[PDB]
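Visitor: Pasting target03.pdb below, which is PDB, C-alpha atoms.
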ATOM      1  CA  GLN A   1      -4.326  10.278  -8.394  1.00  0.00           C
ATOM      2  CA  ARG A   2      -5.539  12.192  -5.330  1.00  0.00           C
ATOM      3  CA  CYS A   3      -8.726  11.213  -3.476  1.00  0.00           C
ATOM      4  CA  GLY A   4     -10.549  11.202  -0.134  1.00  0.00           C
ATOM      5  CA  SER A   5      -9.988  13.404   2.900  1.00  0.00           C
ATOM      6  CA  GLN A   6      -6.375  14.330   2.141  1.00  0.00           C
ATOM      7  CA  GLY A   7      -6.831  14.540  -1.603  1.00  0.00           C
ATOM      8  CA  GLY A   8      -9.851  16.802  -2.073  1.00  0.00           C
ATOM      9  CA  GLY A   9     -12.716  14.330  -1.827  1.00  0.00           C
ATOM     10  CA  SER A  10     -12.611  12.660  -5.254  1.00  0.00           C
ATOM     11  CA  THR A  11     -13.436   8.972  -5.734  1.00  0.00           C
ATOM     12  CA  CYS A  12     -10.753   6.984  -7.623  1.00  0.00           C
ATOM     13  CA  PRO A  13     -10.907   6.113 -11.301  1.00  0.00           C
ATOM     14  CA  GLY A  14     -11.962   2.493 -11.760  1.00  0.00           C
ATOM     15  CA  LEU A  15     -13.360   2.604  -8.228  1.00  0.00           C
ATOM     16  CA  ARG A  16      -9.988   1.652  -6.741  1.00  0.00           C
ATOM     17  CA  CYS A  17      -9.233   2.084  -3.025  1.00  0.00           C
ATOM     18  CA  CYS A  18      -8.280   5.470  -1.572  1.00  0.00           C
ATOM     19  CA  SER A  19      -5.556   5.325   1.090  1.00  0.00           C
ATOM     20  CA  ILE A  20      -5.425   7.414   4.251  1.00  0.00           C
ATOM     21  CA  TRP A  21      -2.721   9.449   2.500  1.00  0.00           C
ATOM     22  CA  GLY A  22      -5.170  10.473  -0.233  1.00  0.00           C
ATOM     23  CA  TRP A  23      -3.901   8.371  -3.158  1.00  0.00           C
ATOM     24  CA  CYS A  24      -5.595   5.687  -5.281  1.00  0.00           C
ATOM     25  CA  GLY A  25      -4.301   2.136  -5.690  1.00  0.00           C
ATOM     26  CA  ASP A  26      -5.143  -1.568  -5.680  1.00  0.00           C
ATOM     27  CA  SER A  27      -2.825  -3.243  -3.166  1.00  0.00           C
ATOM     28  CA  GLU A  28      -2.626  -3.535   0.627  1.00  0.00           C
ATOM     29  CA  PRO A  29      -1.488  -0.037   1.605  1.00  0.00           C
ATOM     30  CA  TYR A  30      -4.465   1.448  -0.241  1.00  0.00           C
ATOM     31  CA  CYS A  31      -7.154  -1.165   0.302  1.00  0.00           C
ATOM     32  CA  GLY A  32      -6.324  -2.891   3.577  1.00  0.00           C
ATOM     33  CA  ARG A  33      -5.356  -1.560   6.984  1.00  0.00           C
ATOM     34  CA  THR A  34      -4.428   1.919   5.744  1.00  0.00           C
ATOM     35  CA  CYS A  35      -7.451   2.282   3.489  1.00  0.00           C
ATOM     36  CA  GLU A  36      -9.801   5.234   3.761  1.00  0.00           C
ATOM     37  CA  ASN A  37     -12.535   4.517   1.212  1.00  0.00           C
ATOM     38  CA  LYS A  38     -13.655   1.877  -1.288  1.00  0.00           C
ATOM     39  CA  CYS A  39     -11.792  -0.662   0.831  1.00  0.00           C
ATOM     40  CA  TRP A  40     -11.589  -4.453   0.685  1.00  0.00           C
ATOM     41  CA  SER A  41     -13.497  -4.665   3.993  1.00  0.00           C
ATOM     42  CA  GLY A  42     -16.396  -2.808   2.389  1.00  0.00           C
ATOM     43  CA  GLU A  43     -17.846  -5.494   0.088  1.00  0.00           C
ATOM     44  CA  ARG A  44     -21.616  -5.952   0.564  1.00  0.00           C
ATOM     45  CA  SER A  45     -22.804  -9.056   2.401  1.00  0.00           C
ATOM     46  CA  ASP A  46     -24.775  -9.980  -0.731  1.00  0.00           C
ATOM     47  CA  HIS A  47     -21.697  -9.628  -2.906  1.00  0.00           C
ATOM     48  CA  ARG A  48     -23.509  -7.251  -5.275  1.00  0.00           C
ATOM     49  CA  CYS A  49     -21.730  -4.415  -7.078  1.00  0.00           C
ATOM     50  CA  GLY A  50     -22.222  -1.880  -9.874  1.00  0.00           C
ATOM     51  CA  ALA A  51     -24.283   1.291 -10.114  1.00  0.00           C
ATOM     52  CA  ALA A  52     -27.578  -0.187  -8.909  1.00  0.00           C
ATOM     53  CA  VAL A  53     -26.068  -0.597  -5.434  1.00  0.00           C
ATOM     54  CA  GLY A  54     -23.931   2.536  -5.493  1.00  0.00           C
ATOM     55  CA  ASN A  55     -20.609   1.217  -6.838  1.00  0.00           C
ATOM     56  CA  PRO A  56     -19.408  -0.465  -3.662  1.00  0.00           C
ATOM     57  CA  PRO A  57     -15.993  -2.095  -3.483  1.00  0.00           C
ATOM     58  CA  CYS A  58     -15.150  -5.779  -3.787  1.00  0.00           C
ATOM     59  CA  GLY A  59     -12.843  -7.660  -1.410  1.00  0.00           C
ATOM     60  CA  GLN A  60      -9.245  -8.756  -1.840  1.00  0.00           C
ATOM     61  CA  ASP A  61      -8.489 -10.228  -5.256  1.00  0.00           C
ATOM     62  CA  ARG A  62     -12.178  -9.898  -6.146  1.00  0.00           C
ATOM     63  CA  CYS A  63     -13.512  -7.861  -9.061  1.00  0.00           C
ATOM     64  CA  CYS A  64     -16.924  -6.520 -10.051  1.00  0.00           C
ATOM     65  CA  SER A  65     -18.230  -8.376 -13.113  1.00  0.00           C
ATOM     66  CA  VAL A  66     -20.359  -6.776 -15.817  1.00  0.00           C
ATOM     67  CA  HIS A  67     -23.281  -8.789 -14.405  1.00  0.00           C
ATOM     68  CA  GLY A  68     -23.146  -6.941 -11.086  1.00  0.00           C
ATOM     69  CA  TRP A  69     -21.426  -9.301  -8.644  1.00  0.00           C
ATOM     70  CA  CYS A  70     -18.063  -9.414  -6.904  1.00  0.00           C
ATOM     71  CA  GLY A  71     -16.008 -12.581  -7.371  1.00  0.00           C
ATOM     72  CA  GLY A  72     -12.535 -13.959  -8.064  1.00  0.00           C
ATOM     73  CA  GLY A  73     -11.140 -15.278 -11.326  1.00  0.00           C
ATOM     74  CA  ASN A  74     -11.427 -14.673 -15.034  1.00  0.00           C
ATOM     75  CA  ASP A  75     -15.219 -14.859 -14.883  1.00  0.00           C
ATOM     76  CA  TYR A  76     -15.243 -11.644 -12.868  1.00  0.00           C
ATOM     77  CA  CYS A  77     -11.827 -10.082 -13.423  1.00  0.00           C
ATOM     78  CA  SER A  78     -11.028 -10.336 -17.136  1.00  0.00           C
ATOM     79  CA  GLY A  79     -11.296  -7.804 -19.871  1.00  0.00           C
ATOM     80  CA  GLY A  80     -15.081  -7.789 -21.175  1.00  0.00           C
ATOM     81  CA  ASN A  81     -16.128  -9.747 -18.074  1.00  0.00           C
ATOM     82  CA  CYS A  82     -15.117  -7.048 -15.606  1.00  0.00           C
ATOM     83  CA  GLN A  83     -16.585  -3.605 -15.003  1.00  0.00           C
ATOM     84  CA  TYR A  84     -14.374  -2.255 -12.183  1.00  0.00           C
ATOM     85  CA  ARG A  85     -11.576  -3.206  -9.809  1.00  0.00           C
ATOM     86  CA  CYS A  86     -10.259  -5.480 -12.546  1.00  0.00           C
TER      87      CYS A  86
END
In structure tokens, write the structure found in this file.
Guide:
Amino acid sequence: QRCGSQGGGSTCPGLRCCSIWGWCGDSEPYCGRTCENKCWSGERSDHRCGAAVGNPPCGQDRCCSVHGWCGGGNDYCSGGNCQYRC
């Protein structure tokens, strides 16, 4: 859906990346070089995520677990184990 500067200012459902064209998605054109907000380059240096730290993004192929950390794999990215960017 629409987001960011071109899209009306919304944040994406599931905290996905917003591209510079104002659309949400989860691959390179949204999250990498042409990303506007909630980008892969925006993961905290402490790897924390979730509402206590303001729902920051996780990096490439990393998801935010229900425990509150970004990581790769089933532990972080699978159904029940993952809160956002799954």
Visitor: So which residues get picked by the PyMOL selection byres ((chain A and resi 50) around 10) here, written as a short mmCIF file (atom, residue, chain, number, x, y, z; two decimals) with C-alpha atoms, in the coordinates of the input?
Guide:
data_model
loop_
_atom_site.label_atom_id
_atom_site.label_comp_id
_atom_site.auth_asym_id
_atom_site.auth_seq_id
_atom_site.Cartn_x
_atom_site.Cartn_y
_atom_site.Cartn_z
CA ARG A 48 -23.51 -7.25 -5.28
CA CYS A 49 -21.73 -4.42 -7.08
CA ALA A 51 -24.28 1.29 -10.11
CA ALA A 52 -27.58 -0.19 -8.91
CA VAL A 53 -26.07 -0.60 -5.43
CA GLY A 54 -23.93 2.54 -5.49
CA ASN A 55 -20.61 1.22 -6.84
CA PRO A 56 -19.41 -0.46 -3.66
CA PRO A 57 -15.99 -2.10 -3.48
CA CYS A 64 -16.92 -6.52 -10.05
CA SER A 65 -18.23 -8.38 -13.11
CA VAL A 66 -20.36 -6.78 -15.82
CA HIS A 67 -23.28 -8.79 -14.40
CA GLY A 68 -23.15 -6.94 -11.09
CA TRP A 69 -21.43 -9.30 -8.64
CA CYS A 70 -18.06 -9.41 -6.90
CA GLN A 83 -16.58 -3.60 -15.00
CA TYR A 84 -14.37 -2.26 -12.18
#
Visitor: What would the selection look like, as number ranges by chain, if the PyMOL selection byres ((chain A and resi 27) around 12) were run on the coordinates I just shared?
Guide: A: 16-19, 23-26, 28-35, 39-40, 59-62, 85
Visitor: Suppose we keep C-alpha atoms; can you now write the selection as a JSON list (two decimals), in the coordinates of the input?
Guide:
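Here's the written file part_12.json:
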[["chain", "number", "residue", "atom", "x", "y", "z"],
["A", 16, "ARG", "CA", -9.99, 1.65, -6.74],
["A", 17, "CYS", "CA", -9.23, 2.08, -3.02],
["A", 18, "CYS", "CA", -8.28, 5.47, -1.57],
["A", 19, "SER", "CA", -5.56, 5.32, 1.09],
["A", 23, "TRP", "CA", -3.90, 8.37, -3.16],
["A", 24, "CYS", "CA", -5.60, 5.69, -5.28],
["A", 25, "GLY", "CA", -4.30, 2.14, -5.69],
["A", 26, "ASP", "CA", -5.14, -1.57, -5.68],
["A", 28, "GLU", "CA", -2.63, -3.54, 0.63],
["A", 29, "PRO", "CA", -1.49, -0.04, 1.60],
["A", 30, "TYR", "CA", -4.46, 1.45, -0.24],
["A", 31, "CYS", "CA", -7.15, -1.16, 0.30],
["A", 32, "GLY", "CA", -6.32, -2.89, 3.58],
["A", 33, "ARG", "CA", -5.36, -1.56, 6.98],
["A", 34, "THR", "CA", -4.43, 1.92, 5.74],
["A", 35, "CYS", "CA", -7.45, 2.28, 3.49],
["A", 39, "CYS", "CA", -11.79, -0.66, 0.83],
["A", 40, "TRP", "CA", -11.59, -4.45, 0.68],
["A", 59, "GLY", "CA", -12.84, -7.66, -1.41],
["A", 60, "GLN", "CA", -9.24, -8.76, -1.84],
["A", 61, "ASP", "CA", -8.49, -10.23, -5.26],
["A", 62, "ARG", "CA", -12.18, -9.90, -6.15],
["A", 85, "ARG", "CA", -11.58, -3.21, -9.81]]
Visitor: For the file shown, report as a CSV table (one decimal) with C-alpha atoms, in the coordinates of the input the outcome of the PyMOL selection byres ((chain A and resi 6) around 10) at residue level.
Guide:
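Writing the result to out17.csv gives the following:
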chain,number,residue,atom,x,y,z
A,2,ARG,CA,-5.5,12.2,-5.3
A,3,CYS,CA,-8.7,11.2,-3.5
A,4,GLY,CA,-10.5,11.2,-0.1
A,5,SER,CA,-10.0,13.4,2.9
A,7,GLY,CA,-6.8,14.5,-1.6
A,8,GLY,CA,-9.9,16.8,-2.1
A,9,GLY,CA,-12.7,14.3,-1.8
A,10,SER,CA,-12.6,12.7,-5.3
A,18,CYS,CA,-8.3,5.5,-1.6
A,19,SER,CA,-5.6,5.3,1.1
A,20,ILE,CA,-5.4,7.4,4.3
A,21,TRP,CA,-2.7,9.4,2.5
A,22,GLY,CA,-5.2,10.5,-0.2
A,23,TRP,CA,-3.9,8.4,-3.2
A,36,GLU,CA,-9.8,5.2,3.8
Visitor: Go ahead and compute the interatomic distance for atom CA of residue A:45 and atom CA of residue A:71, in Å to one decimal.
Guide: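 Separating atom CA of residue A:45 from atom CA of residue A:71 is a distance of 12.4 Å.
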Visitor: What is the atom CA of residue A:13 to atom CA of residue A:46 distance in Å?
Guide: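 Between atom CA of residue A:13 and atom CA of residue A:46 the gap is 23.7 Å.
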Visitor: If you measure from atom CA of residue A:73 to atom CA of residue A:1, what distance in Å do you get, rounded to one decimal?
Guide: 26.6 Å
